Each structure stands twice: as structure tokens, then as C-alpha cells.
>>> print(open('query_35.cif').read())   # mmCIF, C-alpha atoms
data_structure
loop_
_atom_site.group_PDB
_atom_site.id
_atom_site.type_symbol
_atom_site.label_atom_id
_atom_site.label_comp_id
_atom_site.auth_asym_id
_atom_site.auth_seq_id
_atom_site.Cartn_x
_atom_site.Cartn_y
_atom_site.Cartn_z
ATOM 1 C CA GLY O 1 54.976 55.696 -95.225
ATOM 2 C CA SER O 2 53.945 59.350 -94.564
ATOM 3 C CA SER O 3 54.478 63.009 -95.733
ATOM 4 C CA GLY O 4 53.688 66.706 -94.912
ATOM 5 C CA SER O 5 50.681 68.638 -96.344
ATOM 6 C CA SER O 6 52.877 71.603 -97.582
ATOM 7 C CA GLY O 7 56.568 72.694 -98.036
ATOM 8 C CA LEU O 8 58.306 76.031 -97.185
ATOM 9 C CA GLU O 9 61.822 77.589 -97.141
ATOM 10 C CA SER O 10 62.945 80.856 -95.429
ATOM 11 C CA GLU O 11 66.735 80.079 -95.462
ATOM 12 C CA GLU O 12 69.703 81.650 -97.348
ATOM 13 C CA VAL O 13 71.503 79.998 -100.362
ATOM 14 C CA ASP O 14 75.120 80.474 -101.605
ATOM 15 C CA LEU O 15 75.926 82.108 -104.999
ATOM 16 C CA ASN O 16 78.276 79.196 -105.908
ATOM 17 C CA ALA O 17 75.299 76.769 -105.435
ATOM 18 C CA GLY O 18 73.910 78.277 -108.718
ATOM 19 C CA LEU O 19 77.238 77.342 -110.472
ATOM 20 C CA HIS O 20 77.373 73.666 -109.286
ATOM 21 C CA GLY O 21 73.532 73.100 -109.258
ATOM 22 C CA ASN O 22 71.345 72.074 -106.254
ATOM 23 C CA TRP O 23 70.074 68.927 -108.127
ATOM 24 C CA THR O 24 70.214 65.918 -105.717
ATOM 25 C CA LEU O 25 69.366 62.198 -106.207
ATOM 26 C CA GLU O 26 65.691 62.830 -105.201
ATOM 27 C CA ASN O 27 65.234 66.397 -106.584
ATOM 28 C CA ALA O 28 66.494 65.127 -109.997
ATOM 29 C CA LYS O 29 64.039 62.153 -109.944
ATOM 30 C CA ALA O 30 61.266 64.743 -109.352
ATOM 31 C CA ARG O 31 62.704 67.169 -112.005
ATOM 32 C CA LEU O 32 62.849 64.460 -114.731
ATOM 33 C CA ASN O 33 59.151 63.644 -114.076
ATOM 34 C CA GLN O 34 58.378 67.436 -114.141
ATOM 35 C CA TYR O 35 60.203 67.722 -117.538
ATOM 36 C CA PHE O 36 58.052 64.791 -118.825
ATOM 37 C CA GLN O 37 54.803 66.472 -117.583
ATOM 38 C CA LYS O 38 55.736 69.891 -119.137
ATOM 39 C CA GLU O 39 56.899 68.464 -122.542
ATOM 40 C CA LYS O 40 54.259 65.617 -122.752
ATOM 41 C CA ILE O 41 57.173 63.072 -122.947
ATOM 42 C CA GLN O 42 57.263 59.583 -121.304
ATOM 43 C CA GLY O 43 60.281 57.594 -119.989
ATOM 44 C CA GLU O 44 60.754 54.390 -117.916
ATOM 45 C CA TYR O 45 64.051 53.011 -116.490
ATOM 46 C CA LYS O 46 65.583 49.799 -117.937
ATOM 47 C CA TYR O 47 67.065 47.793 -115.000
ATOM 48 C CA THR O 48 69.684 44.975 -114.834
ATOM 49 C CA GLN O 49 70.302 42.979 -111.610
ATOM 50 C CA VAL O 50 74.000 42.019 -110.941
ATOM 51 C CA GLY O 51 75.764 39.670 -108.440
ATOM 52 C CA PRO O 52 74.385 36.506 -106.689
ATOM 53 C CA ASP O 53 70.871 36.710 -105.116
ATOM 54 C CA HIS O 54 72.319 36.619 -101.522
ATOM 55 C CA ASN O 55 74.549 39.704 -102.303
ATOM 56 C CA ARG O 56 73.304 41.740 -105.340
ATOM 57 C CA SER O 57 73.158 45.272 -106.801
ATOM 58 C CA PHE O 58 71.160 46.896 -109.665
ATOM 59 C CA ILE O 59 72.174 48.846 -112.787
ATOM 60 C CA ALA O 60 69.551 51.282 -114.205
ATOM 61 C CA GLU O 61 69.581 53.126 -117.566
ATOM 62 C CA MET O 62 67.496 55.610 -119.629
ATOM 63 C CA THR O 63 67.748 57.608 -122.928
ATOM 64 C CA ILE O 64 65.497 60.578 -123.887
ATOM 65 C CA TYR O 65 65.150 62.866 -126.937
ATOM 66 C CA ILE O 66 65.072 66.694 -126.534
ATOM 67 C CA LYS O 67 62.870 68.295 -129.216
ATOM 68 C CA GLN O 68 63.871 71.810 -128.030
ATOM 69 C CA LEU O 69 67.566 71.030 -128.919
ATOM 70 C CA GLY O 70 67.209 68.527 -131.856
ATOM 71 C CA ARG O 71 69.249 65.755 -130.068
ATOM 72 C CA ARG O 72 69.071 63.039 -127.315
ATOM 73 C CA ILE O 73 70.787 62.266 -123.940
ATOM 74 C CA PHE O 74 71.524 58.878 -122.281
ATOM 75 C CA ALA O 75 72.626 57.556 -118.845
ATOM 76 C CA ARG O 76 73.588 54.232 -117.155
ATOM 77 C CA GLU O 77 74.326 54.057 -113.373
ATOM 78 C CA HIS O 78 74.085 51.593 -110.419
ATOM 79 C CA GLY O 79 72.975 51.325 -106.745
ATOM 80 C CA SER O 80 72.557 48.593 -104.082
ATOM 81 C CA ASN O 81 68.812 48.533 -105.079
ATOM 82 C CA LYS O 82 66.493 49.770 -107.910
ATOM 83 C CA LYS O 83 65.656 53.054 -106.038
ATOM 84 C CA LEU O 84 69.369 54.086 -105.668
ATOM 85 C CA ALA O 85 70.054 52.960 -109.272
ATOM 86 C CA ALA O 86 67.126 55.025 -110.741
ATOM 87 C CA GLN O 87 68.050 58.012 -108.470
ATOM 88 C CA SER O 88 71.638 57.959 -109.868
ATOM 89 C CA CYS O 89 70.262 57.564 -113.442
ATOM 90 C CA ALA O 90 67.819 60.524 -112.977
ATOM 91 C CA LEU O 91 70.623 62.804 -111.664
ATOM 92 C CA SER O 92 72.692 61.787 -114.747
ATOM 93 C CA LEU O 93 69.876 62.930 -117.152
ATOM 94 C CA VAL O 94 69.094 66.070 -115.066
ATOM 95 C CA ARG O 95 72.801 67.148 -114.941
ATOM 96 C CA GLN O 96 72.933 66.752 -118.787
ATOM 97 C CA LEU O 97 69.703 68.856 -119.092
ATOM 98 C CA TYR O 98 71.451 71.491 -116.866
ATOM 99 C CA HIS O 99 74.711 71.285 -118.945
ATOM 100 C CA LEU O 100 72.787 71.678 -122.277
ATOM 101 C CA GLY O 101 70.655 74.532 -120.745
ATOM 102 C CA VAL O 102 67.216 72.753 -120.753
ATOM 103 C CA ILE O 103 67.061 73.505 -116.963
ATOM 104 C CA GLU O 104 68.776 75.856 -114.445
ATOM 105 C CA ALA O 105 70.111 75.282 -110.865
ATOM 106 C CA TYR O 106 67.450 74.159 -108.309
ATOM 107 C CA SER O 107 65.905 76.548 -105.712
ATOM 108 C CA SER O 108 66.288 74.242 -102.620
ATOM 109 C CA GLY O 109 68.934 75.490 -100.105
ATOM 110 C CA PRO O 110 72.117 73.868 -98.618
ATOM 111 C CA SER O 111 71.874 70.363 -97.029
ATOM 112 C CA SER O 112 74.454 71.250 -94.266
ATOM 113 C CA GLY O 113 71.777 71.565 -91.458
#
>>> encode(input="query_35.cif", output="C-alpha cells")
Amino acid sequence: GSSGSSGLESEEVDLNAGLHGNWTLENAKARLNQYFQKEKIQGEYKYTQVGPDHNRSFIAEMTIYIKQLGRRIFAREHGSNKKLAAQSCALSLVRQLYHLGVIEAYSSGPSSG
């Protein structure tokens, strides 16, 4: 494994990308951890393995309470592995946070190139 020492963007972004939200499978997993660091909240994914051990997939689920709204949000999703499952779960919390107005559309530009 490896990574860069800094990140930058100098590219343009569409106006409709602020209406659909730039939250992706990985940028949502980051944004849910950012929400937990800013609010002093903690959350861990509940997993369930499905299928036979020679050909399996994983379900992942999470539920969190929002003290700034007075309610909670829940998700349950699945991938071919725990990473894909938790990625799909995170995007399902983050797109409910965006729908309820706890967050806005992400600043990262189009994935088309």
C-alpha cells in the first residue's frame, strides 16, 4: 500500500453536480468518519456473511442518531467483500445526511477523466 503527501484540484465542476451530490463510495466513508470527529460520535459497521465459503458476499449495516435534528438514520447494503459492503452502507448514511441537510454536496470534481 502507498499514498501521496498532499492533494490538489484546479479543474471545473458542473452546476448539476451540486443537485445530485458528489458523494462517492469512498468520499462518503471519509465523510461519515469526519461527521463522527466533528460531533464526537462513534459508529462501527455490523456485518453478515452470506453464501457458501467458496462463493460468498457480505451484508453491512449501521444506524446513527442526529442530535442536531432530534432523530436517527439507518442503512443496510451488500458487496462482494466487507470493504464494498461498508462503502455502500456509508454512502447510504451520507446520502440521508445530505437529504436531511446535515451535509451539502462534496467539492471533488467529475470522475469522467
>>> resolve_selection(input="query_35.cif", expression="the PyMOL selection byres ((chain O and resi 89) around 9)", output="short mmCIF file (atom, residue, chain, number, x, y, z; two decimals) with C-alpha atoms, keeping the file's coordinate frame")
data_model
loop_
_atom_site.label_atom_id
_atom_site.label_comp_id
_atom_site.auth_asym_id
_atom_site.auth_seq_id
_atom_site.Cartn_x
_atom_site.Cartn_y
_atom_site.Cartn_z
CA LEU O 25 69.37 62.20 -106.21
CA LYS O 29 64.04 62.15 -109.94
CA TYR O 45 64.05 53.01 -116.49
CA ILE O 59 72.17 48.85 -112.79
CA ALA O 60 69.55 51.28 -114.20
CA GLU O 61 69.58 53.13 -117.57
CA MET O 62 67.50 55.61 -119.63
CA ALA O 75 72.63 57.56 -118.84
CA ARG O 76 73.59 54.23 -117.16
CA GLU O 77 74.33 54.06 -113.37
CA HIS O 78 74.08 51.59 -110.42
CA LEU O 84 69.37 54.09 -105.67
CA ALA O 85 70.05 52.96 -109.27
CA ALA O 86 67.13 55.02 -110.74
CA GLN O 87 68.05 58.01 -108.47
CA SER O 88 71.64 57.96 -109.87
CA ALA O 90 67.82 60.52 -112.98
CA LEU O 91 70.62 62.80 -111.66
CA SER O 92 72.69 61.79 -114.75
CA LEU O 93 69.88 62.93 -117.15
CA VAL O 94 69.09 66.07 -115.07
#
>>> closest_atom_pairs(input="query_35.cif", of="range 38-108 of chain O", to="range 16-23 of chain O", cutoff="8 Å", atoms="all atoms listed in the file", output="Markdown table")
| residue | atom | partner | partner_atom | distance |
| --- | --- | --- | --- | --- |
| O:91 | CA | O:23 | CA | 7.1 |
| O:94 | CA | O:23 | CA | 7.6 |
| O:95 | CA | O:23 | CA | 7.6 |
| O:104 | CA | O:21 | CA | 7.6 |
| O:105 | CA | O:21 | CA | 4.4 |
| O:106 | CA | O:22 | CA | 4.9 |
| O:107 | CA | O:22 | CA | 7.1 |
| O:108 | CA | O:22 | CA | 6.6 |
>>> resolve_selection(input="query_35.cif", expression="the PyMOL selection byres ((chain O and resi 9-13) around 6)", output="JSON, numbers by chain")
{"O": [8, 14, 109]}
>>> write_last_selection(input="query_35.cif", atoms="C-alpha atoms", output="JSON list (two decimals), in the coordinates of the input")
[["chain", "number", "residue", "atom", "x", "y", "z"],
["O", 8, "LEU", "CA", 58.31, 76.03, -97.18],
["O", 14, "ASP", "CA", 75.12, 80.47, -101.60],
["O", 109, "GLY", "CA", 68.93, 75.49, -100.10]]
>>> resolve_selection(input="query_35.cif", expression="the PyMOL selection byres ((chain O and resi 52-58) around 6)", output="list in words")
residues 48, 49, 50, 51, 59, 78, 79, 80, 81 and 82 of chain O
>>> atom_distance(input="query_35.cif", atom1="CA of residue 30 in chain O", atom2="CA of residue 43 in chain O")
12.9 Å
>>> atom_distance(input="query_35.cif", atom1="CA of residue 47 in chain O", atom2="CA of residue 31 in chain O")
20.1 Å
>>> atom_distance(input="query_35.cif", atom1="CA of residue 2 in chain O", atom2="CA of residue 34 in chain O")
21.6 Å
>>> closest_residue(input="query_35.cif", among="O:63, O:6, O:96, O:111", to="residue 41 in chain O", atoms="all atoms listed in the file")
O:63
>>> closest_residue(input="query_35.cif", among="O:112, O:102, O:27, O:1", to="residue 68 in chain O", atoms="all atoms listed in the file")
O:102
>>> axis_aligned_box(input="query_35.cif", around="range 62-79 of chain O", padding_each_side="8 Å", output="AutoDock Vina command-line options")
--center_x 68.6 --center_y 61.6 --center_z -119.3 --size_x 27.5 --size_y 36.5 --size_z 41.1
>>> closest_residue(input="query_35.cif", among="O:110, O:3, O:99, O:66", to="residue 42 in chain O", atoms="all atoms listed in the file")
O:66
>>> closest_residue(input="query_35.cif", among="O:74, O:4, O:33, O:69", to="residue 46 in chain O", atoms="all atoms listed in the file")
O:74
>>> build_atoms(input="query_35.cif", residues="range 45-64 of chain O", atoms="N, CA and C atoms", output="PDB file, in the frame of the given file")
ATOM      1  N   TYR O  45      62.696  53.540-116.688  1.00  0.00           N
ATOM      2  CA  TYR O  45      64.051  53.011-116.490  1.00  0.00           C
ATOM      3  C   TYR O  45      64.154  51.526-116.881  1.00  0.00           C
ATOM      4  N   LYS O  46      65.175  51.183-117.667  1.00  0.00           N
ATOM      5  CA  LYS O  46      65.583  49.799-117.937  1.00  0.00           C
ATOM      6  C   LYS O  46      66.545  49.381-116.815  1.00  0.00           C
ATOM      7  N   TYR O  47      66.222  48.316-116.081  1.00  0.00           N
ATOM      8  CA  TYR O  47      67.065  47.793-115.000  1.00  0.00           C
ATOM      9  C   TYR O  47      67.766  46.480-115.381  1.00  0.00           C
ATOM     10  N   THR O  48      68.938  46.241-114.783  1.00  0.00           N
ATOM     11  CA  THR O  48      69.684  44.975-114.834  1.00  0.00           C
ATOM     12  C   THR O  48      70.217  44.638-113.444  1.00  0.00           C
ATOM     13  N   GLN O  49      69.808  43.499-112.890  1.00  0.00           N
ATOM     14  CA  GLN O  49      70.302  42.979-111.610  1.00  0.00           C
ATOM     15  C   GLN O  49      71.674  42.311-111.808  1.00  0.00           C
ATOM     16  N   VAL O  50      72.622  42.557-110.894  1.00  0.00           N
ATOM     17  CA  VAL O  50      74.000  42.019-110.941  1.00  0.00           C
ATOM     18  C   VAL O  50      74.431  41.438-109.589  1.00  0.00           C
ATOM     19  N   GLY O  51      75.333  40.450-109.613  1.00  0.00           N
ATOM     20  CA  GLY O  51      75.764  39.670-108.440  1.00  0.00           C
ATOM     21  C   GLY O  51      74.847  38.471-108.125  1.00  0.00           C
ATOM     22  N   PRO O  52      75.222  37.609-107.158  1.00  0.00           N
ATOM     23  CA  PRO O  52      74.385  36.506-106.689  1.00  0.00           C
ATOM     24  C   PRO O  52      73.215  37.029-105.843  1.00  0.00           C
ATOM     25  N   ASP O  53      72.119  36.269-105.766  1.00  0.00           N
ATOM     26  CA  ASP O  53      70.871  36.710-105.116  1.00  0.00           C
ATOM     27  C   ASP O  53      71.000  36.967-103.597  1.00  0.00           C
ATOM     28  N   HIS O  54      71.995  36.365-102.934  1.00  0.00           N
ATOM     29  CA  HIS O  54      72.319  36.619-101.522  1.00  0.00           C
ATOM     30  C   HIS O  54      73.142  37.909-101.283  1.00  0.00           C
ATOM     31  N   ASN O  55      73.732  38.485-102.339  1.00  0.00           N
ATOM     32  CA  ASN O  55      74.549  39.704-102.303  1.00  0.00           C
ATOM     33  C   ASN O  55      74.589  40.377-103.692  1.00  0.00           C
ATOM     34  N   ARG O  56      73.525  41.120-104.023  1.00  0.00           N
ATOM     35  CA  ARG O  56      73.304  41.740-105.340  1.00  0.00           C
ATOM     36  C   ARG O  56      73.218  43.269-105.303  1.00  0.00           C
ATOM     37  N   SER O  57      73.373  43.857-106.484  1.00  0.00           N
ATOM     38  CA  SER O  57      73.158  45.272-106.801  1.00  0.00           C
ATOM     39  C   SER O  57      72.372  45.391-108.121  1.00  0.00           C
ATOM     40  N   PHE O  58      71.968  46.610-108.482  1.00  0.00           N
ATOM     41  CA  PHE O  58      71.160  46.896-109.665  1.00  0.00           C
ATOM     42  C   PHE O  58      71.755  48.048-110.471  1.00  0.00           C
ATOM     43  N   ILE O  59      71.867  47.828-111.776  1.00  0.00           N
ATOM     44  CA  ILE O  59      72.174  48.846-112.787  1.00  0.00           C
ATOM     45  C   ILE O  59      70.829  49.360-113.321  1.00  0.00           C
ATOM     46  N   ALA O  60      70.707  50.660-113.567  1.00  0.00           N
ATOM     47  CA  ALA O  60      69.551  51.282-114.205  1.00  0.00           C
ATOM     48  C   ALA O  60      70.012  52.254-115.298  1.00  0.00           C
ATOM     49  N   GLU O  61      69.263  52.300-116.397  1.00  0.00           N
ATOM     50  CA  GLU O  61      69.581  53.126-117.566  1.00  0.00           C
ATOM     51  C   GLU O  61      68.342  53.700-118.262  1.00  0.00           C
ATOM     52  N   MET O  62      68.534  54.833-118.943  1.00  0.00           N
ATOM     53  CA  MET O  62      67.496  55.610-119.629  1.00  0.00           C
ATOM     54  C   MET O  62      68.117  56.507-120.712  1.00  0.00           C
ATOM     55  N   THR O  63      67.392  56.703-121.822  1.00  0.00           N
ATOM     56  CA  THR O  63      67.748  57.608-122.928  1.00  0.00           C
ATOM     57  C   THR O  63      66.503  58.365-123.365  1.00  0.00           C
ATOM     58  N   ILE O  64      66.607  59.686-123.514  1.00  0.00           N
ATOM     59  CA  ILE O  64      65.497  60.578-123.887  1.00  0.00           C
ATOM     60  C   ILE O  64      65.912  61.583-124.963  1.00  0.00           C
TER      61      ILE O  64
END
